[PDB]
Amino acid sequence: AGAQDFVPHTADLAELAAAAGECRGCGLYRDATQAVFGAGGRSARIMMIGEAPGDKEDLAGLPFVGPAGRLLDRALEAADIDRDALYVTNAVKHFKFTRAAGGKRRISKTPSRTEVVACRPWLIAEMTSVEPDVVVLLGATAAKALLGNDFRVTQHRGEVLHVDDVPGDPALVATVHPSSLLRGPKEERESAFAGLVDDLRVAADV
């Protein structure tokens, strides 16, 4: 089912990334430029999972390279976390999108639960390969992939969670997605940025 038959029997991240370029586990590979796999190494203690590559990631071939990734950089820096010692990835690896007339970018479209279940084999291979001590789930889509489709990120902020069905029983911290911190009132944004730094420190202190 899904991407599972496209996942090779290997923990090498480069072999997995190359294989993900050939994945047809769902329909998202057709309109996307390429598959966006995770960045970082197997020594990483912290795995971070977003929703999906955006417009910038789709053509950069790397995760979190747009404005959201730059805000995440500022949050990681304030939390004293070396990005090079992370493994950063997304719940689904193909960019889902539409264009609006007058647009300045391709608009990110939300992955269905079906596409998240289809791409999960890659996330399982990534966690199996990295064996992280803690997984940071950035946003509702990533959190639900591991904690259940009914999970609410807003109701468990800053909580160290552990679910049994998860490879390696790593600690899980669900937090806001950095793209949510790009817009809104300045005081709401600044308060929300501090909440993200707090959650990143909890994950680093696991």
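Residues carry their position along the shown sequence, with the first being 1.
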Of 79-87 and 109-117, the one with larger mean CA B-factor: 79-87
Higher-B stretch (mean Cα B-factor, as the entry records it), 123-131 or 99-107: 99-107
Given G41, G38, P53, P178, the residue at which the Cα B factor reaches its maximum: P178
Out of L59, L28, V166, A142, highest CA B-factor residue: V166
Assigned third (lowest, middle, highest) for the C-alpha B factor of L182: highest
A20 - which third its CA temperature factor falls in, relative to the rest of the chain: lowest
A192 - Cα temperature factor, lowest/middle/highest third of chain: highest
